[PDB]
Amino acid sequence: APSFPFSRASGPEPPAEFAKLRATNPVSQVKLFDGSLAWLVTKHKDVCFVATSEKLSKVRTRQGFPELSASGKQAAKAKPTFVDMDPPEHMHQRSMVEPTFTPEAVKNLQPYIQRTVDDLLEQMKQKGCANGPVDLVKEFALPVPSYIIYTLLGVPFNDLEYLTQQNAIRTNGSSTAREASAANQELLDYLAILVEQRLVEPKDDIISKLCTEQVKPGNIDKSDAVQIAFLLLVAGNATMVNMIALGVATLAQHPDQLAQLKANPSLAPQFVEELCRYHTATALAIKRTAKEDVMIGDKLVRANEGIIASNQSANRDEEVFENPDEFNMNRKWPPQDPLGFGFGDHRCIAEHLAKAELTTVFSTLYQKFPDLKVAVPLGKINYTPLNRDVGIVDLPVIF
């Protein structure tokens, strides 16, 4: 049994193991950091099964749960939020914050998302790059998702820049364990204050709705509100930043597609669709433990055994996506859903928001800066460590 998680084949590539497993051993056993074994599922059909099977559980206090790191094991001892719950607890809590993320709500949010992207690009423009390249991540990829989610949660304008910086430190590879920890705790402290304030005088934001609708009636605790708001903040922010950066790098690697996007920004949606399939930046979130024996493919997963369903592998499944390792914005999509945002009940709550943010970015970035260009050779791009989810640390650009 090979150690898991696997390391990416290279900066922008997925681990090489998946393709081989998909073809010769679709459902196999892998060894986790602590020596325990878990079932790794690599085929699209099987990943979808694992994502929806009612015989599987997300509760981390169940023995056999596939925790992939030492810290993951510690985090499992805390009170869980809906991300780690099974029905009926799962939807009872998720329903408390879903309103802001429905397709209709996100469609009505389009002007705000556009306004936010326009303002950040303009700030980038007025500043220029006369003295050299600027980091596309720091100046644009980071603040876009950050400002939007913070604002949606209820954070006031003047506090955005500081909080955006602190949340980054949380996951920055350069941060020491202490720095990452301090910033993490500091965001929780700030959220605790916001809850207290909104409990007194609510505003038109997420935290206020939790206070008024759930905390006040005693449905949930104040700390619960803080944790739910915290989950919404840290669940996909770093991912959104990485996706924007990977999107720019990808367009640079395939000039003809960039030329097409520039000529027709209406292709932004399909470009985003392919980007979320090709670059599965959150590939270790579909995990479970079997509550009872369950058959998957030619294997039997016994009760109390853990399962890791790779949506990244599923998104490169030849049986579902023709020429899967080819980035093609004009891809002819099959009836099967690409799984960049998961599947089933637990499917990313912000899928519509995330796509709207990415679609807005790629339907605007090159109109603002038609000559935007990565300021370093593409083969020198600073990607996230190979033993981590795919992403980009920084991206020097000129325009």
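Residue numbers run from 1 along the displayed sequence.
- Mean C-alpha B-factor is higher over 202-210 than over the other stretch, the pair under comparison being 202-210 and 304-312.
- Remark: stretch with higher mean C-alpha B factor among 134-142 and 67-75 is 67-75.
- Residue-level inspection of the entry shows that, of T364, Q336, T52, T61, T61 has the top Cα B-factor.
- You'll see in the entry that, of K127, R94, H279, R288, the Cα B factor peaks at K127.
- For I220, the recorded CA B-factor ranks within the highest third of the chain. Only modelled residues enter the ranking.
- Looking at the C-alpha B-factors along this chain, the one for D34 belongs to the highest third.
- Looking at the C-alpha B-factors along this chain, the one for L395 belongs to the middle third.
- In the deposited entry, the Cα temperature factor of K355 places it in the lowest third of its chain's modelled residues.
- When the modelled residues of the chain are ordered by C-alpha B-factor, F157 sits in the highest third.
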